[PDB]
Structure formats: C-alpha cells, structure tokens
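Quick notes on the structure that follows.
Because only heavy atoms are used, hydrogens play no part in the values below, and waters and symmetry mates are left out as well, while side chains stay in. Throughout, protein chains are lettered first and strands after them, A, B, ... in sequence-line order, and every chain is numbered starting at 1.
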Protein chains: 2
Amino acid sequence: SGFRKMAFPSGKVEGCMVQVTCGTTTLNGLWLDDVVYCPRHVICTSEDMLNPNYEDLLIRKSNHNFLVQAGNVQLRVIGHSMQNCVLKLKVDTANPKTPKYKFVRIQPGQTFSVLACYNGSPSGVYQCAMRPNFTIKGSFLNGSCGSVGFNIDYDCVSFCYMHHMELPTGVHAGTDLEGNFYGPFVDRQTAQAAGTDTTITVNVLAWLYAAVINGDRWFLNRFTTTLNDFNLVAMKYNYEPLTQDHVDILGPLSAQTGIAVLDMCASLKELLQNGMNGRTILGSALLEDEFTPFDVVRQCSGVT
Amino acid sequence: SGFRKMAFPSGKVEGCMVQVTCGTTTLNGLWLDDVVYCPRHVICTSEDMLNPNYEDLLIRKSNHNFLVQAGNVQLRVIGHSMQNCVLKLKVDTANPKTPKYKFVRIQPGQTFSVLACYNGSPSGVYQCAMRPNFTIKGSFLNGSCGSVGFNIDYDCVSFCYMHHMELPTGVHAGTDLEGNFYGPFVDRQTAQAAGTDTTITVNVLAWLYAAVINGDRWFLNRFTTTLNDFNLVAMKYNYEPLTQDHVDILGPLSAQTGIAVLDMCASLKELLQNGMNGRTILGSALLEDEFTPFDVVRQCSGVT
Ligand SMILES: N#Cc1ccccc1C[C@@H](N)C(=O)N[C@H](Cc1ccc(Cl)cc1Cl)C(=O)N[C@H](CC(=O)NCCCc1ccncc1)Cc1ccc(F)cc1
Ligand SMILES: N#Cc1ccccc1C[C@@H](N)C(=O)N[C@H](Cc1ccc(Cl)cc1Cl)C(=O)N[C@H](CC(=O)NCCCc1ccncc1)Cc1ccc(F)cc1
Ligand SMILES: [Cl-]
Ligand SMILES: [Cl-]
C-alpha cells in the first residue's frame, strides 16, 4: 500500500557524471563509452552569452581548451563536435561504468527522473513531468546545468533530458541528448517566456485510479459522461483535451479497478466543479498530474 | 529555483542489495563486507508467523538452509546469528561494492531515502519521514520487506531503516539496522495499532522558510507570537510542541531570510486558523511536514 513520487534508482547514471570546464565556465557532462555530452554554452563566456554564434566560438576552440574531470582523474579530449545544442567531446578512455542505454525524445506529459549534479557530483534525485508548454518544474541551482533526466527499462537507461537553463519565471528548459530543445527555447541568456501551461488530464485520471487501487473511493459517483461533454468541462478548467488514445492507454487501470474511464471522467468533472471540500486524495489537497498511467501501474499492486 | 521532494542518489546502496530465501519465504537483504542483514522473520513459515519463538526457530536452522542471491551468483552462508529482529548471515565473500557506511538510529521527524526493492533488485527511490508515532507512510508491496532507508553524508551511507511490515492501516513499520523496531511494534503477524499521529511542527516551519527562499511570501504577516502562545494553537491543531531546540535549529534559515522564527510561527498560526483560501505554497495546498531544516538547507540556495 501507499503511493509516493518515486524516482528510478540512479546508480547507473551516477557512474556517468563528469565535469566539463572551458575557461571559467564549468558544468556537468554525461560520459558514455568514450564521449562526453554537455551543453554547448560551456564554451561561452559571460560576454558571449547575450547572443553567441556557437559555430564561431567552437572553431576558435582546441581540444586542450576542454578540461574533463571524472572524479579525480582528468580525461584527455581528443576530438570535439557540435550536435544542435550539445557539445560532444571524444576522450581517450571509455567509461568502464557505461550502462546499456539509448537516447529518446519524449512527448509532453511523460515523466522522468532527474539526477541533480554539481561539479560532476550527484546530489539528489527527483521525479519530473515534461509540462505541456515544454518546461519542467525542477529544482536546480547555479552549477546544475548538464544534469540529465532519464527513465530505466530492464537495466537499459533511456536518457531523455539534459538541463540547459532556468527561465525568469523559475521553471527549467533543456534538450534531449541530441541537443534539440524541448519547446521553442534557444540557448542564449535572454528572457524567454514559455507558453501558457495546461493540466495533463490523462495523468490526473491515472492518479485517481492509483487512489482507488489504494482503497480510496470517496470521489467516485454513479454518473458517466461522454468524451465530448467531459472536454467542454476540461477546457473550462484549463485541462488538456482527452483523446481516445488516452482512454485506451488507461485501459489496464480501468480493467483492474472495474471503473470505466468515462466513469472516472465524471468523478474528475465533479471534482473540478465542486473542489474537494477539505478532503485529500493520496495525501494531496489538489489534483496531481505528474503520474503517467505507466507510473501508476509500475508502483501500484496488480490487485486492487 | 524550485523545491521538490528529493532523495539521495541511491547507487551506493544499490550495490548492496541481495535476496535471502528460507523455505518458500524470500525477502531483501543488505550485503556489507561479508555479512548479509535481513529481517529475521525470513525464517518463519506462514504457520510460524502468528506467534513465533524465533530463538526456537533459529536453533533449528543450519547455514545451508539460507539461499543468498547477489544478482546471479549464490553467496555461501558460513555463519548466522540474531541481533534483535535482524538476521545476520556471514558469507564467504566480501561485497566489493561496500561503501563507507554506519548504522544510526534516528528520532521521529527525521527524514531518509527509501530504496524499494523486490527479489534483491532495486525498483525505485523516494523520501520518507519517520512519523511521530514511529511509522512511515511508505510505498511498499509484497516482497519489499528487507528494503532499507538511508541518508548520505559525503559519500558515507548512514543506514537508518529496514522495512519489516505493513500494518492493517496501510502504513509501514520497521527497525534500525541493529534490529530494534521504531515504536512499540513486534515482528509477528498480528493486527498492531500505531499511536495517534501528530504533525512535525519544526518541519512545517522549515518548509515555510523554503518557500520564502524560493520567492513566495504571501503567507507572511507583521505579527509575532510567544513560544507558549504558539504551542496553545499547535496543540489545538494536533501539532507537536515546538521547543527552544527547534527554534535554535531553525537559526540558519531565519538568518538567511531575515524572518525571526517566532515571526514565522505567527504565519503558521494564521495559516492554521484561516486555511490557505485556495492558494498554494511550493505547489502544495496543505502544510507539508516531511522536510527537515537540514533538507531545506541542502536543497535551497544559500542566498534568498
Ligand atoms: N537551473 C538553474 C539556475 C538557477 C539559478 C542560477 C543559475 C542556474 C543555472 C545556470 N546554468 C542558468 O540557468 N543560468 C541562467 C542564465 C542562462 C545561462 C545559459 C543559457 Cl544557455 C541561458 C541562460 Cl538564460 C539564469 O541565470 N537564469 C536566471 C535564473 C533566475 O535568476 N531565476 C530567478 C527566478 C525568479 C522566480 C523564482 C520563483 N518564482 C518566481 C520567480 C533567470 C534569467 C535571468 C536573465 C535572463 F536573461 C534569462 C534568465
Ligand atoms: N509493505 C508491505 C506489504 C504490503 C502488502 C502485502 C505484503 C507486504 C509486505 C509483507 N512482508 C508484509 O508486510 N506482510 C504483512 C504481514 C506480516 C508479515 C511479517 C511480519 Cl513480521 C508482520 C506482518 Cl503484519 C501484511 O500482510 N500486512 C497486511 C497488509 C495489508 O493487507 N494491508 C491492507 C491495507 C488496508 C488499507 C490500505 C490503505 N488505506 C486504508 C487501509 C496488513 C495486516 C494484515 C493482517 C495482520 F495480522 C497484520 C497486518
Ligand atoms: Cl520516436
Ligand atoms: Cl546516537
């Protein structure tokens, strides 16, 4: 029993974290085999940051300008390239702790674990969703750029996020591991605004199913709604439209609990219209949207 | 910026998790040097669980009755003993991945990270507080007994919790790594009730300071309260008495934010009496008490 925001065990990623330094600028890098991946703005000075031409700044760099530190031992750089907004440094040593891994680019509404690091050294791990406006609501201080987000599937590490910047609003923006930003953002020090955010409807519904699996039923009701009548209410409360694909993704949870998806949508409608009136769901006094249906299945019992 | 429930990186503990089997009963063990630690009820059958005499059951065991599995390789047991409610199995191989570690017994209100494991294999990590009634509100399924809770201090792993059982109310009870239960509980399959729980006042105050460090101030007010007048309100809302030691522990946070502790207590009083009226603090619609002052300092910026 119980339900908590649960991160993946971080050990496989811990063995990959290193430190990359260019001038007086240090951030974190990811060491897989004989390549170190880090944000390309490590090659910028505080001057260059306002509007850099990275192709210009990189052609003025040599290999020995990059200091890569894996714990105590320096790694010698033997080659460097640029792939979108990530720098790739070839080094003369393969990481012996390299896990099975892949790089994947995720969709908004999907979750991952963040290993927050400072000077190449892990400090903590937490769970995040990619918001619909392509930011994450992270916990990051100066020095954390280069930290990665990841999922784990049967000892294969799927890296999906590299941290590049905090926006003026205090939320966080970054790229996949091939350097492509999530959302419209660019890697320069200018005030950039994210689009207006929305609530991830399919995830709220998954979390209501988690609550039922855990024995909490107070929010259920005898009613059902049509998908279209639900979305009219969803739109009014700044919730994402629910699609037939979302309905089908919630199939397993519906089947384990005997509550039809559109049945659960009528509960969500009533909760949006009337609030909770002082009650809590899984220890929360608001509707939580950072658990995917996969997250719920992974953590909850297969029997209600 | 940002504030999230943050676990310690779990890699150092991942390398210690093993599987212990006695009869048809399997749970998790902790492998440090040449000793495996696990809950002693692994030697019980479903019959024995109602009211076991463990000294009786253990003297009827031999070393070869214990199957210890570290990944794929079996570890050969060469000796076994009992220390309170933990079994200790000597094995013929020292764990090469043994970190620097110690065993510590914590106070209620302190937090730790849980590495949830099944069949010796880590599945996830989350943060927990030891409740005032000595339970934890964990997330555990069948098979998780043997999972450990821990803090990390400068690459030294301080193990503080081993998981032994879920109570009929769905909360969780266990021991320190020397086998002493937290709270009044015993390791037998009977319905056991925990004392009535209370809210950890010093932690709520720490979390209000986290909110101020992160730029949220809406709950402050111009008033102060005396420690005794605060506790009269605390008692009315089932909050723990606040001690002068708690006041002094919150010294650093008070100093970083310029808000006197008793000033913050007047904010807490007003929040208890009037609620939040639809507003949130650090993304929460209730007052959160599972962050210690140490947790706040560790995660938040040293500058407001
Ligand atoms: N994580 C993180 C982090 C956090 C603090 C310091 C440092 C770092 C990492 C570090 N690497 C990094 O992100 N620095 C970028 C500058 C930058 C570097 C490189 C690149 Cl490519 C782009 C950018 Cl923008 C950074 O300083 N951002 C500022 C962070 C900041 O002051 N927030 C205040 C939050 C206000 C608030 C909080 C809560 N509620 C409401 C409001 C915001 C900002 C300021 C000017 C600007 F013009 C663009 C952005
Ligand atoms: N974690 C965990 C876990 C969770 C589920 C299954 C198995 C395990 C691990 C496993 N190892 C283990 O804990 N089994 C013990 C039995 C036991 C083994 C060994 C020892 Cl030493 C002591 C005890 Cl008590 C266990 O089955 N408990 C029950 C778990 C349970 O049904 N909860 C229902 C929750 C109801 C609820 C939920 C939410 N909101 C309100 C109410 C509760 C219980 C039942 C009878 C009894 F008499 C004592 C306790
Ligand atoms: Cl794809
Ligand atoms: Cl002590």
Side-chain angles (χ1 to χ4, degrees), chain A residues 3-18 28-30 97 99 101 106 110-130 136-141 143-153 155-163 172 174 177 290-292 295 298-299, chain B residues 2-17 99 111-117 121-129 138-139 147-161 283 290-292 294-300:
Chain A
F3 200 72
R4 272 204 190 261
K5 221 145 230 174
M6 187 167 312
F8 287 99
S10 56
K12 288 184 176 60
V13 179
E14 293 174 48
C16 301
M17 297 307 304
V18 300
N28 304 280
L30 184 72
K97 299 173 162 208
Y101 72 95
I106 59 166
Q110 172 62 44
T111 57
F112 52 94
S113 302
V114 173
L115 183 72
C117 296
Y118 297 88
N119 304 99
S121 283
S123 67
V125 64
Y126 54 88
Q127 275 299 98
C128 276
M130 178 69 63
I136 68 181
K137 288 187 183 166
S139 172
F140 286 124
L141 308 176
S144 59
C145 289
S147 304
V148 300
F150 62 96
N151 289 281
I152 298 188
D153 165 63
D155 284 44
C156 179
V157 178
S158 278
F159 298 100
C160 60
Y161 180 76
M162 177 164 280
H163 182 49
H172 300 107
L177 267 290
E290 301 220 339
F291 298 95
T292 63
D295 300 341
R298 150 176 179 243
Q299 167 169 186
Chain B
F3 200 72
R4 272 204 190 261
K5 221 145 230 174
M6 187 167 312
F8 287 99
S10 56
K12 288 184 176 60
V13 179
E14 293 174 48
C16 301
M17 297 307 304
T111 57
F112 52 94
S113 302
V114 173
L115 183 72
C117 296
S121 283
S123 67
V125 64
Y126 54 88
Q127 275 299 98
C128 276
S139 172
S147 304
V148 300
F150 62 96
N151 289 281
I152 298 188
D153 165 63
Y154 292 109
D155 284 44
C156 179
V157 178
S158 278
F159 298 100
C160 60
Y161 180 76
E290 301 220 339
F291 298 95
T292 63
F294 173 96
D295 300 341
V296 173
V297 164
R298 150 176 179 243
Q299 167 169 186
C300 289

Under 3.5 Å: donor-acceptor pair, side chain of B/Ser113, backbone of B/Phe8: yes
4.5 Å side-chain heavy-atom contact, A/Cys16 and A/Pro99: yes
Any B/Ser10 side-chain heavy atom under 4.5 Å of B/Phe150 side chain: yes
Expected output: side-chain A/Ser158 to main-chain A/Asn151 donor-acceptor under 3.5 Å: no
Shortest non-hydrogen contact between A/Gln127 and A/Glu290, atoms and distance: O-OE1, 4.4 Å
Backbone of B/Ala116 reached by a side-chain donor or acceptor of B/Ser123 within 3.5 Å: yes
Taking every non-hydrogen atom, the tightest pair across A/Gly138 and A/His172: N-ND1, 3.0 Å
Side chain A/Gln110, main chain A/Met130, donor-acceptor under 3.5 Å: no
Atom of A/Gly143, atom of A/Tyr118 and distance for their closest heavy-atom approach: C-CD2, 3.6 Å
Where A/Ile136 and A/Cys128 come nearest, the two heavy atoms and their spacing: CD1-SG, 4.2 Å
Of A/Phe112, A/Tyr161, A/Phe159, the residue whose pairing with A/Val148 passes side-chain contact (heavy atoms from CB on, under 4.5 Å): A/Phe159
Heavy-atom side-chain contact between A/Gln299 and A/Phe3 under 4.5 Å: yes
